[PDB]
């Protein structure tokens, strides 16, 4: 274990004897993480990195049917809960009973708006986030019933209703704009084959304006570079085949600088705290950058590894992010939730599976039963589901109106 090596203690924060809220909070985290790393030594047991599959599974299969009122704050994000859970099960190789699947299809049907797109629950106005989630869920299920749920003409019409003159998209009508809306749109339109010629006109340019002095991408032009927005911006560009619109080098330098030398996991933005969900938004960028630089025929690219420390990340997630009762989380001391379970699991899979053409190199830390199903770095659903969905919807032509 890279984290447990003695030389690793040298990675602890050096505050230069100038304390600020930033150094003080980072220190608290490193202290907390250190107690976790060293627990084995203090209890004299041999470290056993084991992904608690059965624990995670009961938590997931349970949340997929019902949730306590703690989830009232997610009453407007129900298609998200379906996506996070169904996607987590998928990574855990847990299949969806034809009965559950149809129930989910029926539910998302209630969330779907008569004017295209999906709402966060039965009867809610459509919004791009739950639309992205609903569509991703339906593709994970991948049945003809699931695919048929999506009204492709109203969906395209809906995207057009959010399209802006500058290339951006509103998240919903009378709503806000940021890099997430472009990704939600590019994701659902590509998967469902509704991309017309002018739909994403000027979108690659608008997203490129979101890249700042840091190399990363902010929510809108001018904003601080963030891991969540940077994944959306780059993944959207890959879908649009415009990755080259970004300074890929400065971005590569920024994302790799986000891995915490000590904790091993990724932080969202410079000088903030590590968080397990970033195992996906940040680490997920490396596979994307790999593909892009290789598309530019980059000779120096690795033939076996992603450009981040895959070992340290897997160690952070396994030792520091699992809840004994099942479910994964932000960092030690945090409460488990379906969002973090989805992204900690998603980021683990990215850390375990490498691929670049004919090259396929796995790196599974701990018990080999730790290997999870691979995840497509752009859509974040199984690679097979993506091929299966696009191949299906390609049988339908792009809505002419």
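Positions refer to the first chain, counted from 1. For clarity, a rigid core is taken as the largest C-alpha set superposing within 1.5 Å between two forms.
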Do the Cα atoms of 58 to 66 or of 36 to 44 sit farther, on average, from the shown structure in 8 other deposited structures of this protein when the rigid core is superposed? 36 to 44
Regarding 159 to 167 and 272 to 280, which shows the higher C-alpha temperature factor on average in the entry? 159 to 167
On mean Cα temperature factor in this entry, is 227 to 235 or 253 to 261 the higher one? 253 to 261
Peak C-alpha temperature factor (PDB record), options 323, 246, 76, 186: 323
Of the choices 301, 137, 81, 204, which one's C-alpha carries the largest B-factor in the record? 301
So where's residue 100 on the chain's Cα temperature factor ranking, which third? highest
Can you tell me whether residue 305 has a C-alpha B-factor in the lowest, middle or highest third compared with the other modelled residues of the same chain? highest
Looking at the temperature factor on the CA atom of residue 178, which third of the chain's modelled residues does it land in? middle
Sorting the chain's modelled residues by C-alpha B-factor and splitting them into thirds places residue 154 in the middle
Splitting the chain's C-alpha B-factors into thirds, which one does residue 294 fall into? highest
